[PDB]
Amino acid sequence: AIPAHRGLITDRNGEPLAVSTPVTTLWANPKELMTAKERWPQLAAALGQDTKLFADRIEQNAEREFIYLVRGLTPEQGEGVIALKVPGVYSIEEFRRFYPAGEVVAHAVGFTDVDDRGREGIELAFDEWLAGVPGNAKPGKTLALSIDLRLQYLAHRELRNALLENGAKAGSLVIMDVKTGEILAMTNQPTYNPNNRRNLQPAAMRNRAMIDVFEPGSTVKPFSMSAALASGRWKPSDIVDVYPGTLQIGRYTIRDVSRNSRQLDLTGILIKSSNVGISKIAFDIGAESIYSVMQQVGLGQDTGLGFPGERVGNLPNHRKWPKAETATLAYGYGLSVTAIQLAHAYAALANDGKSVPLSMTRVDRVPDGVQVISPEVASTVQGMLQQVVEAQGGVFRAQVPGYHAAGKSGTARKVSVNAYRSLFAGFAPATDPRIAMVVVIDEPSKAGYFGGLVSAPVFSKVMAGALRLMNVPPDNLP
């Protein structure tokens, strides 16, 4: 068994993220080692093993012709042991992974097990590509991720800082190229150092962006509005009366977060994030039109990325949608999603209504993608989301230094097989979008409206650095 050199994983610009490092494994023929017992204590010490524990192992395995003494010493230490020239003691050249960016890209890249086989992340998803063929040994193949390590560092730092400053324990941030479907960053907190998994807590190893399923709440109101503007029955200057901030449908009451409104135009329904206003539109156009937009932008659908235990969530269908179910779909409690799905959906909206498949590998030839929302409707909804960020009473903390930005805040409700998440989903620049981003901050109470307050500022700082690192021309003009 002659171990193969595992393929290099790089970022999209060739920066190393996972590198095969030479190590030396030692195995022994007991019966041959048995001829040199006065050497055993100097061998044991050079192995970092206990004199008597080492001797027992040789004696107790006297019946075997093969045992491992030690796996993955450094090549130096390996030479040190071999230079003792003890009978029965053979070396295998192995490879161990080094992760130059460590905790910063831990969940995306993942790690290898004792046998140098992928256990998590890309290491597992592309295991065959990376592994090559043991011996003639064929070396594994190089893989360039979609991840831009510069954006990844910025995302990791700003999400970590925001969580520490606001007492929060956990969260995620996804950045996508809306044109290419490329995941430019995916960071989760807490994180772990894949180069040192000794103390590693299972909590730190959760790939939240792909695994945590939640009712996305107000962040899907834009998809309800997209269905409205595609129906033929609604234009932006149309008015809905949402007074007095509540709507009774049989036994159920729809309640608005802000109840200071009567007439709202469709932009105002998104700025105020009125559940009554989006519900009244939903009753008029029918739940099926909304369900169809949400399905077409990938909400509650397989991502196709091959991450182990990535979740699909759920977009329930009905033959008949009663009023309560229609309303709860329209304002985001009738489905459950992951942060990756939500970012993919915002990417479609930002890309003038064209969905492009998700990729965690560098995209050279962009797929054709699917026109899921008309360019006219996508353009209209982009302008409405720019007002959500820019207009009076809007999400001003999402405003991006030097650019126009667009998006929607929300309170998500955790789904498990409750607890809450503070969301901000958006894209920039607002008039010619390039990047879509979702920030998820885990929260114990529902109140506070922490989407606008803690997630939005992370969006502001990360979107600003991302656009500049990508040389996107500022659209805040002199």
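We number the residues from 1 along the sequence you see. Rigid core here is just the name for the largest C-alpha set that superposes within 1.5 Å across the two forms.
In a rigid core superposition of the other structures in 7 other deposited structures of this protein, 12 to 20 and 452 to 460 differ in how far their CA atoms stray, and the farther one is 452 to 460. Using the rigid core as the fitting frame, the root mean square C-alpha deviation in 7 other deposited structures of this protein is greater for 360 to 368 than for the other of 173 to 181 and 360 to 368.
Not even a third of the other compared entries skip residue 46; each one keeps it along with the residues on either side. Of the other structures of this protein that model both sides of residue 417, a third or more give it no coordinates.
Gap check for residue 447 to residue 448: zero deposited residues are absent from the model.
The entry models residue 135 and residue 136 with a gap of 10 or more deposited residues left without coordinates. Look at the C-alpha B-factors of 364 to 372 and of 74 to 82. On average they run higher in 74 to 82. On average the C-alpha atoms of 123 to 131 have higher B-factors than those of the other stretch, with 175 to 183 and 123 to 131 being the two compared.
Residues shown: 408, 197, 208, 97. Highest C-alpha temperature factor in the entry: 197. Within the listed group 91, 338, 219, 387, the record reports its top CA B-factor for 91. When all modelled residues of the chain are sorted by CA temperature factor, residue 259 is found within the middle third.
Per-chain ranking of the deposited C-alpha B factor places residue 103 in the middle third. Placement of the Cα temperature factor of residue 23 within the chain: highest third of the modelled residues, per the deposited record. Residue 434: CA B factor in the lowest third of modelled residues in this chain (values from the PDB entry).
When the CA B factors of the chain's modelled residues are split into thirds, the value for residue 201 lands in the highest one.
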